[PDB]
Amino acid sequence: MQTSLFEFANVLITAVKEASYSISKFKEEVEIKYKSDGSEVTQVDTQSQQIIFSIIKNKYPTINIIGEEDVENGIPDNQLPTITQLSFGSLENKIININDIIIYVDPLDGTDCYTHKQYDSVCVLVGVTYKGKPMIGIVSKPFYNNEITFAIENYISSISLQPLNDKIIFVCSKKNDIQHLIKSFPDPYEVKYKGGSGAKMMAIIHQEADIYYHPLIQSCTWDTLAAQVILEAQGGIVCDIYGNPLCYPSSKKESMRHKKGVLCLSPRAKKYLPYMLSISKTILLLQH
Ligand SMILES: [Mg+2]
Ligand SMILES: [Mg+2]
Ligand SMILES: [Mg+2]
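Residues numbered from 1 in each chain as written, not as in the entry; some residues may be left out. Chains lettered and ligands numbered in written order. Heavy atoms only, no water.

The record names X-ray crystallography as the way this model was obtained, at a resolution of 2.55 Å.

What follows is the structure in structure tokens.
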């Protein structure tokens, strides 16, 4: 029924490292399955997910864990790396209840970025809730030396920050080019185009960007939670396009889409929330 936070964080970090390493070291020909809604999936996505699931469930067989892809655990204990024994500075090592935990996984965010050699946009995302409340976020960028960024509540791992721009930077994909939606923005600003939803949140975390405005029902729980915990630990904001907290259902039977969109603000961009809320105020998002 219970475990320590340090144990738990070590298991998750071990899983993410191993998955990231699997992705970055992979030279065989990729085979692209197409889901029944056109979206891509490769054996690299699924193998990454199995690694993550197997490592975690081998320690915590009861644990609630939700992943983008349709695979679970299975990889036998003796092919899995041993668990790291890291300590975490002044962070307090809590006893926690396994059944209060829910884990949300994207084994490979930017599957299309991957298949198009946009390797810089590929992330592994693992986020955790505890009693419904976001608690841990772990992000890896396999093609950026398997760099891992993570946060546990208000504590945050080492992170390189680009010198602040001074112009406010909006970041979006070309396909969701919101530049016309924000022409009335009060202060000087720029639009940077970046594929990958994980990548776009990381851009804010590394101060390459300030605002990620996603007034669309394209994001899922696993796309946001990991980066959310980190950005929030930095003092940034993640919410609906109407300013409310993102929802994280407890089961994959329920829809994992963020149906009221996504909005992320850098610490300094928090003052622009009212502006963004008045922009979103007349939008009714519809799904199909
Ligand atoms: Mg997909
Ligand atoms: Mg994915
Ligand atoms: Mg994704």
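Engineer: How should the coordination of the magnesium ion (ligand 2) be read in this particular structure?
Structural biologist: A four-donor tetrahedral metal ideally has 109.5 degree angles, and a six-donor octahedral metal ideally has angles of 90 or 180 degrees. Distances from the magnesium ion (ligand 2) to its protein donors, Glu68 (OE), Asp106 (OD) and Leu108 (O), fall within 2.0 to 2.2 Å. We classify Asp106 as buried; its relative accessible area is 0%. (Donors = N, O, S within 2.8 Å, 3.2 Å for Na, K, Ca; no water. Buried < 20%, exposed > 50% of the residue type's maximum accessible area, 1.4 Å probe, protein only.)

Engineer: So what exactly am I meant to see when it comes to the UniProt feature "binding site: Mg(2+) 2" in the chain here?
Structural biologist: Summarizing the sequence annotation, UniProt attributes the feature "binding site: Mg(2+) 2" to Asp106, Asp109 and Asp223 in the numbering used throughout. On the basis of their most widely separated C-alpha atoms, the annotated residues across 118 residues gather in one place, lying no more than 7.3 Å apart. Along the chain, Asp106 falls in strand β6 (residues 101-109). Excluding residues within four positions of it along the chain, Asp106 makes contact with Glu68, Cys123, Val124, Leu125, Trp222 and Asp223. A distance of 3.1 Å separates a polar side-chain atom of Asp106 from the backbone nitrogen of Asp109. (UniProt positions renumbered as here; feature names shortened; annotations may be inferred. Helix = DSSP H or I, 4+ residues; strand = E, 2+ residues; numbered from the N terminus. Contact = heavy atoms within 4.5 Å. Polar contact = N/O pair within 3.5 Å; in protein donor to acceptor, adjacent residues only side chain to side chain.)

Engineer: What am I meant to see in the domain arrangement of the chain here?
Structural biologist: Note: interface size is frequently given as the accessible area lost on complex formation between the parts. What the domain assignment reports for the chain is domain 1 (1-158) and domain 2 (159-288). On the side of domain 2, 27 residues touch domain 1, which itself brings 37 residues to the contact. Summing both sides of the interface, domain 1 and domain 2 together bury roughly 2300 Å²; the carbon and sulfur share of this comes to 67%. One can count two salt bridges joining domain 1 with domain 2. (Domains from an automatic or database assignment. Buried area = accessible area lost by both parts, 1.4 Å probe. Salt bridge = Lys/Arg side-chain N within 4 Å of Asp/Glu carboxyl O.)

Engineer: Would you explain the pattern of salt bridges in this entry?
Structural biologist: Side chains carrying opposite charge are able to pair once their charged atoms draw close together. Under the counting rule described, the total for this entry stands at nine salt bridges. Across the pair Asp70 and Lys252 runs a salt bridge, and its minimum N-O distance is 3.6 Å. One end of the pair, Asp70, is in the loop between β4 (64-67) and β5 (95-97); the other, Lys252, is in the loop between β14 (237-239) and β15 (262-265), with 182 residues separating them in the sequence. We classify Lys252 as partly exposed; its relative accessible area is 36%. Between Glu190 and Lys192 there is a salt bridge; the shortest N-O distance is 3.9 Å.

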